[PDB]
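Peer 1: Compute the structure for the input listed below.
(one chain, ligands or ions: 2)
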Amino acid sequence: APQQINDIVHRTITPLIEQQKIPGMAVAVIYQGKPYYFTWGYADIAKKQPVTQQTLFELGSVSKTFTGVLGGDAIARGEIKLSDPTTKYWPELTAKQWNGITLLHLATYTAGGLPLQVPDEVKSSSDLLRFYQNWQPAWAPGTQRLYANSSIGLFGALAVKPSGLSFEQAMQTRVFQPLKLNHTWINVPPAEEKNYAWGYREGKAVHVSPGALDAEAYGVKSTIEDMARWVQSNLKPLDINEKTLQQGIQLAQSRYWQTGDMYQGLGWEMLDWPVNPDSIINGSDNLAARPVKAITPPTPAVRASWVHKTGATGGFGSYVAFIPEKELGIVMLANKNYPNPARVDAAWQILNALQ
Ligand SMILES: O=C(O)c1c[nH]c(-c2ccccc2)n1
Ligand SMILES: O=C(O)c1c[nH]c(-c2ccccc2)n1
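Peer 2: Numbering: from 1, shown residues only. Ligands and ions are numbered 1, 2, ... in the order given. Below is the structure:
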């Protein structure tokens, strides 16, 4: 890399790893559109396997950005609309609280208080129907944001119904393949297991458990190289050859709702650039129910935004942030779930210096 980039990344990440006791980490900086890669520590402590550019990390909720984009792609294909009622794609959702809950509400955590987690006890798919049928909104649709896997997870399952593809097939063929994300997986194939890092919770090696709507909400694993490429695509959607994908990206970065300084996209979340670092840093701390202001009609993707997403599993912590107008981005993948504000802080420190 250029020395400027080498120096800011290292002087920022090294202390962070030390402070947080992160066993392994990979970082990519997109600078004037090109990727620069850094790796530290261990993919697998027991087997002494280092983190490389081919190491797979659990993205956790950064998976939601893929889901938003696949969702946006289905829109641009004319297969679904965000203004459609949920019942249009799940007619079995006959319970009366569902009247007026749209795909928009599902994708943006504004349905009326769908819970953060689908319960563990929901194994079968009729258990799932029961869960949504029996769910009681705390609020009218489109009035409060409460971040929820059961909300965007559902949007992801429904968005791919008209295609007739499974979520995974749809994701692989419509998002992963066109973008050349050849080491990105909903389900890690046995061929790639050698590269699958372990996560670490309280010093114990852990992989993400199977659960309802996992793939749609928190189930993607990826390498720093593919993740960099994800940032490049989202930075420059209009260089993407596939028409509906290109628009899908643009749709995921539209501003549908505003809470405080932040705007809710599809998966992605957005602030006006330049940004107050304390507004993103403290903003990122991990139930926070917030009133939302509808942006009528949604603002198309603003190039002068800080576009970002945090993501966690029991054993992993990820962060992606990019600034379209600066052609600037960062991916940070760690095999420990460490505080969000530390991530955002490291990321702002790096990006601010290169801007
Ligand atoms: O193997 C295939 O080509 C395949 C997999 N799924 C489909 C498909 C499913 C629903 C509607 C259209 C095609 N084709
Ligand atoms: O033909 C090749 O060189 C080729 C295609 N894919 C790979 C590859 C497979 C797994 C991990 C990394 C590269 N090599």
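Peer 1: use CA for all of it now, contacts and neighbours both
Peer 2: OK.
Peer 1: State which helix of the protein is the longest.
Peer 2: helix 3-20 (DSSP state H).
Peer 1: Show me what that helix is packed against.
Peer 2: Packing partners of helix 3-20 (3 or more Cα pairs under 8 Å, 6 or more residues apart in numbering; DSSP states H and E): helix 340-354.
Peer 1: now what about the longest helix of the chain, what contacts it?
Peer 2: Residues from elsewhere that reach helix 3-20 (Cα atoms under 8 Å, 6 or more residues apart in numbering): 23, 25, 338, 342, 346, 349-350, 353-354.
Peer 1: Please pull up the helix or strand immediately following that helix.
Peer 2: The first helix or strand that comes after helix 3-20 along the chain, using DSSP states H and E, is strand 24-31.
Peer 1: Could you check which helix or strand contains the closest residue to ligand 1 within the stretch 201-350 of the chain?
Peer 2: Minimum separation of the stretch 201-350 of the chain from ligand 1 (Cα to the nearest ligand atom) falls at residue 244, amounting to 17.2 Å. For residue 244, the host element (DSSP H and E) is helix 243-252.
Peer 1: Give me the sheet partners of whichever helix or strand comes after that helix and which way each runs.
Peer 2: Scanning forward in sequence from helix 243-252 by DSSP H and E, the next helix or strand is strand 255-259. Partners of strand 255-259 in the sheet, by DSSP bridges, are strand 262-264 (antiparallel), strand 293-299 (antiparallel).
Peer 1: before we move on, back to that, who are the neighbours in contact with the residue of the stretch 201-350 of the chain closest to ligand 1?
Peer 2: Per Cα under 8 Å, 6+ apart, neighbours of residue 244: 73-74, 76-77.
Peer 1: looking at those, which has the most residues close by?
Peer 2: Each of the contacts of residue 244 was scored for neighbours by other Cα atoms under 10 Å, and residue 73 scores highest at 28 neighbours.
Peer 1: so that residue is in which element?
Peer 2: Residue 73 belongs to helix 63-76 when assigned by DSSP H and E.
Peer 1: Figure out how far that helix is from the centre of its chain.
Peer 2: Helix 63-76 sits 10 Å away from the centroid of its parent chain (Cα atoms, centre = their mean, to the nearest Å).
Peer 1: so the residue of the stretch 101-250 of the chain found nearest ligand 1 is in which element?
Peer 2: Closest contact between the stretch 101-250 of the chain and ligand 1, by Cα to the nearest ligand atom, is at residue 164 (3.3 Å). Using DSSP H and E, residue 164 sits within no helix or strand.
Peer 1: That one: neighbour count?
Peer 2: 9.
Peer 1: coming back round to it: quick one: which of the contacts of residue 244 is nearest residue 237?
Peer 2: residue 73 (12.0 Å; Cα to Cα).
Peer 1: is it true that that closest one touches residue 250?
Peer 2: No - taking contacts as Cα atoms under 8 Å, residue 73 lies outside contact range of residue 250: 9.5 Å.
Peer 1: Tell me which of the strands paired with strand 255-259 is the most buried.
Peer 2: Counting by mean count of other Cα atoms under 10 Å, strand 262-264 has the highest mean neighbour count of these, with a mean of 23.
Peer 1: what residue is smack in the middle of the protein?
Peer 2: What sits nearest the mean C-alpha location of the chain, by Cα atoms, centre = their mean, is residue 62, with 2.3 Å.
Peer 1: With adjacent residues omitted, what lies nearest to that residue?
Peer 2: residue 311 (4.7 Å; Cα to Cα, 6 or more residues apart in numbering).
Peer 1: Now do the same for the one you found: helix, strand or coil?
Peer 2: With DSSP: H, G, I helix; E, B strand; the rest coil as the basis, residue 311 sits in strand.
Peer 1: Done for today, thanks.
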